[PDB]
Visitor: 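If you scroll down you'll find the structure; I have some questions about it.
Below, all heavy atoms of this structure are taken into account, side chains as well, without hydrogens, waters or symmetry copies. Just so we're on the same page: letters track the sequence lines, and every chain starts at 1.
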Amino acid sequence: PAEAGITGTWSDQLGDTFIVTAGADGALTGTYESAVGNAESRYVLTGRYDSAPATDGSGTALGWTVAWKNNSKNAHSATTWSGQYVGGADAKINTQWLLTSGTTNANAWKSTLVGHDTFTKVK
Amino acid sequence: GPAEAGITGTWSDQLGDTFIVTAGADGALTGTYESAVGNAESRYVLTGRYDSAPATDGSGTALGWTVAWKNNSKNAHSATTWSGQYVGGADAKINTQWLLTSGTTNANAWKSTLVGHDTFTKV
Amino acid sequence: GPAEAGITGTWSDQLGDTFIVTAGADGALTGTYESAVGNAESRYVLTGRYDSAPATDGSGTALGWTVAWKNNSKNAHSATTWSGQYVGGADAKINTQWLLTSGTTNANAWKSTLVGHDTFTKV
Amino acid sequence: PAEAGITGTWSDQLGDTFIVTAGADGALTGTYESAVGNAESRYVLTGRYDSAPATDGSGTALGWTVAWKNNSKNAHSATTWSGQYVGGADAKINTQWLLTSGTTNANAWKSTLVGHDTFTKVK
Ligand SMILES: N=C1N[C@H]2[C@H](CS[C@H]2CCCCC(=O)NCCCCCC(=O)O)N1
Ligand SMILES: N=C1N[C@H]2[C@H](CS[C@H]2CCCCC(=O)NCCCCCC(=O)O)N1
Ligand SMILES: N=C1N[C@H]2[C@H](CS[C@H]2CCCCC(=O)NCCCCCC(=O)O)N1
Ligand SMILES: N=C1N[C@H]2[C@H](CS[C@H]2CCCCC(=O)NCCCCCC(=O)O)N1
């Protein structure tokens with residue numbers, strides 16, 4: 001059920017569009033379109049989920065990555081989201097993320113932002 | 001190009017993990033991860049993304065990947081994402097931070113996500 | 001000034017914690033924290049710092065604080081830091097992210113640190 | 001042992017100067033002088049540590065905060081370090097940190113940097 005549950009189009013508090021397909025044994029593939037930052041149009045994403053989650057009430061662990069390069073822009077950075085899908089009537093994907101920019105070693109202390117996103121399904 | 005040649009290969013870290021990765025197809029990472037520690041045995045699939053046209057000013061090459069800790073023999077109901085950068089030169093490294101989320105009930109979500117850092121060196 | 005008046009008070013969060021803090025002396029935070037979850041009972045000492053001359057452009061007021069989880073009742077061999085910002089207005093909040101580090105052996109340091117987020121609202 | 005262990009002058013891989021005093025029941029007080037960022041001269045720090053750590057080889061949990069305002073500069077930000085002191089012939093304080101800048105709510109996604117610092121004692 002997690003495969004059909006995860007598969008679809010999602011948004012979050014920032015108003016992004018996250019389109020993903022969950023494959024039968026753990027793949028995530030899709031596109032991300034960002035409301036903020038140095039971004040336009042869609043970016044490829046790929047990731048993995050637990051395709052046989054626990055049946056005790058726990059969420060389904062998952063993660064995915066976007067590198068912020070597409071055919072028209074390159075922000076020299078990549079974001080990974082790590083979180084869990086919680087199904088039901090008001091399904092959500094609750095995540096934390098790490099956004100690393102390419103930097104010189106001297107500037108590596110300011111390479112990585114951290115935050116959180118909650119996604120809700122729109123389709 | 002040099003980002004693909006630099007990232008592709010077999011990498012280890014201080015914990016003695018084995019990270020086998022190919023970078024190609026204009027931004028895809030694919031490969032397997034074997035964890036020396038934790039609730040893990042043998043290889044797990046990884047997928048991720050990298051910047052396939054990084055800056056040439058001395059900055060590293062941003063990248064990220066995910067492992068869901070389920071394979072054919074074991075399932076730890078969790079996923080790790082690494083977000084970081086590849087830095088070439090005489091001691092080439094992939095410098096990362098990571099988020100490890102376990103599937104939890106809502107009551108236990110506050111304790112769902114570990115954070116840390118890994119530096120990989122090429123074998 | 002308004003940062004002191006805004007931050008000083010009693011606050012709670014989504015878990016039902018009680019955070020009692022005074023902001024004064026040009027940047028000090030002092031008070032007590034009572035945790036609704038985890039290996040914790042009764043009040044713990046907190047100390048921290050805040051920006052006592054924040055910008056006036058609409059941005060929040062940066063702050064952070066620490067609790068070591070030892071008091072006269074219990075010791076959980078761990079400490080949490082919250083780093084975030086106070087945002088005034090109708091619906092004033094302190095928006096934070098946190099790192100909870102437990103004492104571990106070196107070998108187990110990869111499991112030492114949980115990460116998450118808390119939003120505090122004034123009671 | 002943790003009090004004498006922690007108290008002193010420390011540096012890290014960036015070349016900072018961290019001067020701290022650990023009090024018998026858990027206080028940390030001192031100053032921080034930064035090699036990087038929008039910073040000059042000393043800043044106040046305060047934090048907390050576990051004053052009765054485990055004796056099984058585990059580290060001593062601690063954390064502290066700096067708000068980046070002193071008599072001559074204000075970077076409208078605060079960093080919290082969360083980590084553990086490990087004693088012996090190679091004593092270190094191993095940390096992760098969160099650096100939050102005051103932002104508008106629209107820019108909160110880019111308010112918080114994450115990283116790690118390892119301190120070693122100079123005196
Ligand atoms: N849903 C989310 N949107 C934002 C966060 C994490 S991913 C981010 C959007 C990123 C778009 C691409 C981008 O602007 N990358 C460059 C970031 C440079 C940040 C420099 C900094 O201010 O420290 N969460
Ligand atoms: N190279 C690394 N090895 C470890 C860190 C992040 S990935 C991790 C190995 C994870 C193996 C799978 C596994 O044990 N997952 C379940 C973790 C449950 C942790 C619960 C807790 O201690 O909060 N970095
Ligand atoms: N408001 C919050 N409450 C919880 C989070 C971070 S602080 C935490 C409460 C911590 C209470 C003290 C405590 O239980 N310390 C030991 C933590 C052991 C977690 C071990 C693990 O599951 O990896 N946010
Ligand atoms: N030892 C360390 N030094 C750096 C890291 C975390 S604390 C940091 C030094 C911070 C100095 C004050 C300062 O520049 N604050 C403003 C930071 C704005 C970052 C904006 C961005 O690039 O996203 N660790």
Visitor: Does one side chain, of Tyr50(C) or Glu4(C), offer a donor that lies under 3.5 Å from an acceptor on the other?
Guide: yes
Visitor: Is a donor from one side chain sitting under 3.5 angstrom from an acceptor on the other, for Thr100(D) and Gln97(C)?
Guide: no
Visitor: Just wondering, do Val86(A) and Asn94(A) contact through their side chains at under 4.5 Å, heavy atoms?
Guide: yes
Visitor: How many angstroms lie between NZ in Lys74(C) and OG in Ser42(C), if you round to the nearest 0.5 Å?
Guide: 9.5 Å
Visitor: CH2 of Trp109(A) to NE2 of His116(D): how many Å apart, nearest 0.5 Å?
Guide: 14.0 Å
Visitor: Report yes if the side chains of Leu63(C) and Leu29(C) come closer than 4.5 Å at any heavy-atom pair, otherwise no.
Guide: yes
Visitor: Looking at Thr61(C) and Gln85(C), would you say the former's side chain and the latter's main chain have a donor-acceptor pair under 3.5 Å?
Guide: no
Visitor: Among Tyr44(B), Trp98(B), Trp82(B), whose ring-ring contact (aromatic ring centres under 6.0 Å, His included) with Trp65(B) holds?
Guide: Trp82(B)
Visitor: When rounded to the nearest 0.5 angstrom, what distance separates OG1 in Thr32(C) from CZ in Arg43(C)?
Guide: 4.5 Å
Visitor: Does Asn72(C), at its CG atom, have more than 12 non-hydrogen atoms belonging to other residues, nucleotides or ligands within less than 6.0 Å?
Guide: no
Visitor: Answer with yes or no whether the side chains of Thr80(A) and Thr81(B) bring together a donor and an acceptor at under 3.5 Å.
Guide: yes
Visitor: Is the shortest heavy-atom distance from the side chain of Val67(B) to the side chain of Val45(B) under 4.5 Å?
Guide: no
Visitor: Measure up the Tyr85(D) and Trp10(D) rings against each other and bin them: parallel (under 30°), tilted (30 to 60°), perpendicular (over 60°).
Guide: perpendicular
Visitor: Hey, does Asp17(B) have a side-chain heavy atom less than 4.5 Å from the side chain of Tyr33(B)?
Guide: yes
Visitor: So that I can tick it off, tell me whether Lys69(D) and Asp26(C) are bridged by a salt bridge, with the cut-off set at under 4.0 angstrom between side-chain N and carboxylate O.
Guide: yes
Visitor: Nearest heavy-atom pair of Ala61(A) and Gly103(B): which atoms, and what distance?
Guide: CB-N, 4.0 Å
Visitor: Between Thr9(D) and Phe18(D), does the side-chain contact (heavy atoms from CB on, under 4.5 Å) criterion hold? Intermediate values first, please.
Guide: CA-CA 6 Å; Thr9(D) 297; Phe18(D) 169 39; over 6 Å; no
Visitor: Taking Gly5(D)'s backbone N and O only, do any of them form a donor-acceptor pair with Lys121(D)'s side chain (distance below 3.5 Å, no angle check)?
Guide: yes
Visitor: Applying side-chain contact (heavy atoms from CB on, under 4.5 Å), run through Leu113(D) and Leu98(D) and close with a yes or a no.
Guide: CA-CA 6 Å; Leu113(D) 291 166; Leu98(D) 293 174; over 6 Å; no
Visitor: Does atom CG of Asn108(C) have more than 12 heavy-atom neighbours from other groups under 6.0 Å away?
Guide: yes
Visitor: Could you tell me if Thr118(A) and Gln13(A) have a donor-acceptor pair between their side chains, going purely by distance under 3.5 Å?
Guide: no
Visitor: Please report the interatomic distance OG1(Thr121(C)) to CG(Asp118(C)), rounded to the nearest 0.5 Å.
Guide: 11.0 Å
Visitor: For the residue pair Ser78(B) and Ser102(B), confirm or rule out a side-chain donor-acceptor distance under 3.5 Å.
Guide: no
Visitor: Any donor and acceptor pair, going by atom type alone, linking the side chain of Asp50(D) with main-chain N or O of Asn75(C) inside 3.5 Å?
Guide: no
Visitor: What I'd like to find out is whether the side chain of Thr95(A) reaches to under 4.5 Å of the side chain of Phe119(A), using heavy atoms alone.
Guide: yes
Visitor: Do the side chains of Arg48(A) and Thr47(B) get nearer than 4.5 Å, heavy atoms only?
Guide: yes
Visitor: Under 4.5 Å between any side-chain heavy atoms of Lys110(A) and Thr103(A), yes or no?
Guide: no
Visitor: With heavy-atom distances below 4.5 Å as the criterion, would you say the side chains of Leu99(D) and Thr112(D) are in contact?
Guide: no
Visitor: Give me the atom names and distance for the closest heavy-atom approach of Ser83(C) to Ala78(D).
Guide: OG-O, 3.6 Å
Visitor: Can you check side-chain contact (heavy atoms from CB on, under 4.5 Å) on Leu45(D) and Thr65(D), steps first, answer last?
Guide: CA-CA 5 Å; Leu45(D) 65 96; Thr65(D) 304; over 6 Å; no
Visitor: Rounded to the nearest 0.5 Å, how far apart are CD of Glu3(D) and OG1 of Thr21(D)?
Guide: 9.5 Å
Visitor: Do the side chain of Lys122(B) and the main chain of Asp91(B) share a donor and acceptor less than 3.5 angstrom apart?
Guide: no
Visitor: Could you give me the CA-CA distance, side-chain angles and deciding distance for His77(C) and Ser58(D), then say whether side-chain contact (heavy atoms from CB on, under 4.5 Å) is met?
Guide: CA-CA 9 Å; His77(C) 301 309; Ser58(D) 300; over 6 Å; no
